[PDB]
């Protein structure tokens, strides 16, 4: 079954900038996120359908995550990817989809909507700790990309 969750977040960065930085995530994330060591494209050109392998470290052990780029809807400043393999993929889960979309916020900033779609096998439900972990991850990437923009103002 598919279980969807949406959280609303805010940033002081305007959406066009955040969005341009969201597209450079493969370069930005390994710098900022300590556990993330690299992102390699396995198949594709970077657009929808592209498969990426992330190499991370957890407990001094190298582990691998597989991502699939799902859709990149500029008109709605949106960037969507799915975890399709690895330990970021809980044993009882088919797939996890992470969507981020941005609109203008009150004061030149942005309002973000982070969507988590947890695909389970058959009639299983998502494990609550795994959900908590997946939301933290989604928010973490957003705050990485945001952090990089705030710290490197001339680049965006």
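Residue numbers count along the first chain shown, from 1. Just so we're on the same page, rigid core means the largest C-alpha set that superposes within 1.5 Å between forms.
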item: Stretch with greater C-alpha deviation in 8 other deposited structures of this protein, 83-91 versus 47-55 (rigid core superposition); value: 83-91
item: RMS Cα shift after core superposition in 8 other deposited structures of this protein, winner of 128-136 and 10-18; value: 128-136
item: Comparing 123-131 with 30-38, the one whose average Cα B-factor in the PDB entry is higher; value: 123-131
item: Given 18-26 and 140-148, the range whose Cα B-factors average higher in the PDB entry; value: 18-26
item: Given 97, 50, 55, 107, the residue at which the Cα B factor reaches its maximum; value: 107
item: Candidate set 88, 103, 69, 116 [ranked by C-alpha B-factor, highest]; value: 103
